[PDB]
């Protein structure tokens, strides 16, 4: 083990400072130098690609699944918590919609 191993569903403060949710798969997150993440925002919108955090999640606000970026592990700052499996399932659908995938 030679570098940090972030996990899908975790949220980190990053200055590229705002919070970013890790959406890349855990094998890539452990073994490579970077991750893919989506932006958390206080901005409120009611559209298919935005997911509001719920009363069981560690953070308030909204996930913008349209804003997908690759972050270096060196750019990951404070660990803020882990999104619930329920909220992550909504995020999976939102990501699929953002990227024009034929699923579900």
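Numbering follows the first chain given and starts at 1.
In the deposited sequence, the stretch from residue 16 to residue 17 hides 1 to 3 residues that have no coordinates. Taking the mean C-alpha B-factor of each stretch as recorded, 27-35 and 55-63 are not equal, and the higher mean is that of 55-63. For residue 70, the recorded CA temperature factor ranks within the lowest third of the chain's modelled residues. Among all modelled residues in its chain, residue 3 ranks in the highest third by Cα B-factor. Ranked by Cα temperature factor within the chain, residue 88 sits in the middle third according to the deposited record.
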